[PDB]
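2 protein chains.
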Amino acid sequence: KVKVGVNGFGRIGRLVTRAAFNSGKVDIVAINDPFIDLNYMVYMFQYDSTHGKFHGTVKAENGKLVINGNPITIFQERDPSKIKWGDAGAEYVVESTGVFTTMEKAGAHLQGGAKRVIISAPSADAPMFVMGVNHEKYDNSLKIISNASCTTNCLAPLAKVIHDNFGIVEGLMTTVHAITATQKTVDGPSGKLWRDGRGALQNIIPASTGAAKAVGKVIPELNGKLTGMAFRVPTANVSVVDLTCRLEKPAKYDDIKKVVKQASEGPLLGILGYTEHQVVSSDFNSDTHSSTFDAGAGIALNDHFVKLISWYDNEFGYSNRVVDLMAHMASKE
Amino acid sequence: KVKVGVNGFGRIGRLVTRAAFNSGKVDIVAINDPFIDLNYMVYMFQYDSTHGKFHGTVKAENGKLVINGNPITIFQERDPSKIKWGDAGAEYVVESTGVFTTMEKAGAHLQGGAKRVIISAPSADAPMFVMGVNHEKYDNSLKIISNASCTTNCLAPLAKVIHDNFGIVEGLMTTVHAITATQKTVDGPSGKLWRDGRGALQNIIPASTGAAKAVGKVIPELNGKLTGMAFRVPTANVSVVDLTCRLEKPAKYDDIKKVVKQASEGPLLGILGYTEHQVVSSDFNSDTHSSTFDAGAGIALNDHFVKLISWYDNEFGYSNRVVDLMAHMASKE
Ligand SMILES: NC(=O)c1ccc[n+]([C@@H]2O[C@H](COP(=O)([O-])OP(=O)(O)OC[C@H]3O[C@@H](n4cnc5c(N)ncnc54)[C@H](O)[C@@H]3O)[C@@H](O)[C@H]2O)c1
Ligand SMILES: NC(=O)c1ccc[n+]([C@@H]2O[C@H](COP(=O)([O-])OP(=O)(O)OC[C@H]3O[C@@H](n4cnc5c(N)ncnc54)[C@H](O)[C@@H]3O)[C@@H](O)[C@H]2O)c1
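Going line by line, the protein sequences match chains A and A'. A prime marks a further copy of an entry chain. Each position in the first sequence, counted from 1, maps to that position plus 2 in the entry's author numbering. Each position in the second sequence, counted from 1, maps to that position plus 2 in the entry's author numbering.
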C-alpha cells in the first residue's frame with residue numbers, strides 16, 4: 003500500500019527494491035542516485051553476482067525505471083533536501099547511502115516532502131528498531147528511524163530468546179563477516195581504520211562493531227551486558243555470529259535448542275530460523291531470515307556458559323526487514 | 003644519484019619507493035598524498051599484504067617520513083601545480099596517482115619545479131618507454147614521459163624477441179589479470195565500464211586493454227598488428243599474458259625456446275625471464291622481471307601459429323622498471 007522512495011541504489015538500495023517487488027508489501031515509486039545513470043540502474047538491478055538475475059522484467063522507458071510494468075521516477079541529486087519526493091508520491095524514504103545516518107542529515111528528505119524516513123543503517127541518535135524484538139515500540143510520533151546493523155538484526159532475536167528464557171548475565175560477540183563495500187580489494191587508502199584499508203581477498207581483517215552495544219538499546223534490559231568485535235573474511239556473502247554468554251538460570255544445550263526452535267515456529271517465525279542440518283555459509287544465500295540458529299555448530303562448557311552460532315545473509319535478510327518494518331509503520335498510520 | 007619525488011602513495015607509489023631503497027639506484031626525497039596522513043604512510047609502506055614487511059626501518063620523525071634514516075618531505079596537495087617539488091630538491095617526479103596521465107595534466111609538476119615527470123601508467127599523448135625495448139630512444143628534450151601499462155611491459159619484451167627472430171604477421175593477446183584497485187569487492191557503482199563494477203571476488207570479469215595497441219607504439223614495426231582483451235580474476239597478485247600470433251619465418255617451438263632463453267641471458271637480462279619449471283602464478287610473487295616466459299605452458303599448432311605464455315608480477319616488475327628508467331634518464335642527463 004505505502005508508496006516508497008529509495009535514496010541510493012547500492013547493494014542495499016537495490017536489494018530493498020528487490021524485496022519490495024518480491025513480496026509486494028510496499029510499492030517503490032522513486033529512486034535517487036546521483037552517481038548512476040538510468041541505463042546503468044537497469045544493469046545493476048537486473049544482474050546480481052550473488053542472488054542471480056531478477057525474477058521478473060526491468061527496462062528503462064522514457065526516463066523512468068520500469069520493474070514489472072511499475073514505472074519509477076529517477077532523481078540525480080547529490081543534496082538530499084533537493085529531492086522532490088512529494089512530487090513523485092514517495093510517502094516513506096529509505097535512506098540507504100549510509101552517509102546520512104544522523105537525525106539531522108537524514109531529515110533533509112522531509113524537505114522534499116517525505117512523510118517518514120527509514121535509515122537502513124545504525125544511527126547515532128535516531129531510534130533503532132529490530133523486527134520481532136522491539137518493533138511494537140514504534141509509534142506515529144517518530145518521523146525518522148533506523149533499522150539497525152545487519153549484524154544487530156541477527157544478534158538481537160537470538161539474544162531476546164535466550165535472555166527471556168534463561169537471562170544473559172554478560173556476553174561477548176564475535177562476528178565473522180563476509181565482505182562489505184566499505185572494504186578494499188588491494189590498494190591502501192582508508193582514512194580512519196587502517197585494517198579496513200588492507201586487501202580483503204588476502205586476509206582475515208579485524209573490525210569494530212557497535213552491534214553488541216546496540217542490542218543493549220533495542221533490548222534495554224541487556225544494556226551494557228554485551229560487547230564484541232568482528233573479523234572480515236573473503237566470502238562474497240553470508241556472515242555468522244558467535245555469541246559467548248553467561249546465563250543466570252541453568253540451561254542444558256538441549257533446553258536452548260528447544261526454546262529457540264519454539265520461537266522460530268511461533269513468535270519469531272520468518273525472523274529467527276532454526277536448523278540442525280550440517281550447514282555451511284553458502285547454504286544461507288538469499289535466506290530471508292534475520293538470523294538462523296545453527297544447533298550443531300554451537301558448544302556449551304557448562305549449564306551457565308555457552309557459545310551460540312547464528313547465520314545471517316547480510317544483504318537479503320536485512321533488506322527484507324527494512325520492507326517488513328515500513329509495512330508495519332504503514333499499518334500503524 | 004638523481005633525487006626523486008612521488009605523487010601518490012598508492013600500490014605503485016609505495017612499491018616504486020620500495021624499489022628505490024631496495025636497489026639504491028635513485029633517492030626518494032619527497033612524497034605527496036593529500037588523502038593519507040604521515041602516520042598512516044608509515045603503516046601502509048611498512049606492511050604489504052602481498053610482498054611482506056619492509057626489509058629495513060621506517061618511522062615518522064618531525065613531519066618527515068624516515069626510511070633507513072633517509073628523511074622524506076611530505077606534501078598534502080590536491081592540486082599538482084602547488085607541490086613545491088623544487089624546494090624539497092625533487093629533480094624527477096613519479097606521477098603515480100593515475101589521474102594525471104596526459105602531457106597537459108602531468109605538466110603541473112613542472113610548476114612546482116620538477117625538471118622531469120615520469121607517468122607510471124599509459125598516457126594518451128606523452129611518449130611511452132619500455133625498458134629493454136625502446137628506452138634507448140629517450141633523449142633529454144623529453145620533459146614528460148610514460149613507462150606504459152604493466153601488461154605492456156610484459157608483452158613488449160616477448161614480442162620484440164619473437165618479431166626480431168621470426169616476425170609477427172599478426173597477433174591476438176589475452177591477459178589473465180590479478181585484481182587492481184580500479185575494481186570492486188561487491189557494491190555496484192563504476193561510471194563507464196559496467197563489468198568492472200561487478201564483484202571481483204566472485205567472478206571472472208572481461209576488461210579492455212590498450213596494451214596490445216601500445217606495443218605497436220614502442221615497437222613501431224608491429225603497429226596495428228596486435229590487439230587483445232583481458233579477464234580480471236580474484237588472485238591477489240601476478241598476472242599472465244597469452245600471445246597468440248602468426249609468424250612469417252617458420253619456428254619449431256624448440257627454436258622459440260632457444261631465442262627467448264638467449265635473450266633472457268643476454269640483451270634482456272633482468273627484464274625477460276625464462277623458465278621450464280612447472281610453475282604457477284604465486285611462484286612469481288615479488289619477481290622483478292618485466293616478463294617471464296613459461297616454456298612448458300605455451301603451445302604451438304604448427305610452425306607459423308603459436309601461443310606463448312608469459313608471467314608478470316603486475317606490481318613489483320613495473321615498479322622496478324620505473325626506477326630503472328629514471329636511473330637511465332639520469333645517465334643521459
Ligand atoms: N550487507 C550490507 O552491506 C549491510 C547490511 C546492513 C546494513 N548496512 C548499511 O547500509 C548502508 C548502505 O551501503 P550499500 O551496501 O548500499 O553499499 P554501496 O556502495 O553499494 O551503496 C552506496 C550507494 O549510494 C550511492 N550514494 C552515495 N552518496 C549518495 C548521496 N549523497 N545521495 C544519493 N545516493 C548516494 C552510491 O552511488 C551507491 O550506489 C551502509 O551504511 C551499511 O552500514 C549494510
Ligand atoms: N599493478 C598495478 O596496479 C599497475 C601496474 C602498472 C601500471 N599501473 C598504473 O598505475 C596507476 C596507479 O594506481 P595504484 O596501483 O597506485 O592504486 P591506488 O589506489 O593505491 O593509487 C592511488 C593513490 O594516489 C592517491 N591520489 C589520488 N589522487 C591524488 C592527487 N590528485 N594527488 C596526489 N595523490 C593522489 C590516492 O590516495 C592513492 O593513495 C594506475 O593508473 C594504473 O594504470 C598499475
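All C-beta atoms, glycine included, are put in the ideal place defined by N, C-alpha and C.
| Item | Value |
| --- | --- |
| Taking 7 angstroms as the limit between beta carbons, can you name the residues of its chain near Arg-80 (chain A'), skipping five residues before and five after? | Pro-36 |
| How about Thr-182 (chain A'): is its Cβ closer than 8 angstroms to a heavy atom in ligand 2? | yes |
| Rounded C-beta distance between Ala-92 (chain A) and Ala-110 (chain A)? I'm assuming under 8 angstroms. | That pair is no contact at about 14 angstroms. |
| For ligand 2, which residues count as neighbours when the test is a C-beta closer than 6 angstroms to any heavy atom? | A:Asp-189, A:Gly-190, A:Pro-191, A':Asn-9, A':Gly-10, A':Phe-11, A':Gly-12, A':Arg-13, A':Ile-14, A':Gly-15, A':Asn-34, A':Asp-35, A':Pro-36, A':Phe-37, A':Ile-38, A':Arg-80, A':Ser-98, A':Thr-99, A':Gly-100, A':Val-101, A':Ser-122, A':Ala-123, A':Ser-151, A':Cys-152, A':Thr-182, A':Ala-183, A':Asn-316, A':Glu-317 and A':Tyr-320 |
| Below 7 angstroms between beta carbons is the criterion; list the residues of the region 231 to 249 of chain A' that meet it against any residue of chain A, in chain order. | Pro-236 and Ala-238 |
| If you measure from the CB of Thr-19 (chain A), is any heavy atom of ligand 1 nearer than 8 angstroms? | no |
| For the region 29 to 59 of chain A', which residues have a beta carbon sitting closer than 7 angstroms to at least one beta carbon of chain A? | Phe-37, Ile-38, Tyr-42, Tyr-45, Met-46, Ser-51 and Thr-52 |
| Quick check: is the beta carbon of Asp-189 (chain A) nearer than 9 angstroms to any beta carbon in chain A'? | yes |
| Taking the alpha helix (DSSP H) that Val-325 (chain A') falls in, what are its first and last residues? | 318 to 333 |
| Under the criterion of a Cβ to heavy atom distance below 8 angstroms, does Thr-154 (chain A') qualify as lining ligand 1? | no |
| Can you pull the chain A' residues whose beta carbon is under 8 angstroms from the beta carbon of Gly-201 (chain A), in chain order? | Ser-51, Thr-52 and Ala-238 |
| Would the beta-carbon of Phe-168 (chain A') fall within 9 angstroms of that of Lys-259 (chain A')? | no |
| Is it true that the region 318 to 329 of chain A meets the region 23 to 32 of chain A', where meeting means three or more beta-carbon pairs spaced less than 8 angstroms apart? | no |
| Specify the secondary structure class of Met-130 (chain A') as computed by DSSP and reduced to three states. | strand |
| Suppose only complete runs of 3+ residues qualify. What are the beta strand (DSSP E) ranges in the region 102 to 126 of chain A', listed by chain order? | 118 to 121 |
| Give the straight-line distance between the Cα atoms of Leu-203 (chain A) and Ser-143 (chain A'), rounded to the nearest whole angstrom. | 44 angstroms |
| Should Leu-174 (chain A') and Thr-229 (chain A') be called a contact, given that it needs their Cβ atoms to be closer than 9 angstroms? | yes |
| According to the neighbour-count rule (16 or more other Cβ atoms, all chains shown, within 10 Å of its Cβ), is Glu-335 (chain A') buried or exposed? | exposed |
| Please report the straight-line C-alpha distance between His-165 (chain A') and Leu-249 (chain A'), rounded to a whole angstrom. | 8 angstroms |
| Name the one or two DSSP bridge partners that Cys-156 (chain A) has. | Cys-156 (chain A) is not bridged to any residue. |
| Pull up the CB-CB distance for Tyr-255 (chain A') and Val-308 (chain A'), whole angstroms please, since I reckon it's below 8 angstroms. | 7 angstroms |
| By how many angstroms is the C-alpha of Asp-296 (chain A') removed from the C-alpha of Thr-246 (chain A')? | 14 angstroms |
| Could you tell me the alpha carbon to alpha carbon distance between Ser-83 (chain A) and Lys-219 (chain A), rounded to whole angstroms? | 29 angstroms |
| Using 9 angstroms as the threshold, is the C-beta distance between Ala-183 (chain A) and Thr-187 (chain A') below it? | yes |
| Determine the burial state of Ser-312 (chain A'): buried for a count of at least 16 other Cβ atoms within 10 Å of its Cβ, exposed for fewer. | buried |
| Hey, could you find the ends of the alpha helix (DSSP H) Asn-41 (chain A') is sitting in? | 40 to 48 |
| Distance check for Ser-98 (chain A') and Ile-121 (chain A'), CA to CA, integer angstroms please. | 6 angstroms |
| Within the chosen definition, does the region 9 to 19 of chain A' reach the region 188 to 207 of chain A through at least 3 CB pairs nearer than 8 angstroms? | yes |
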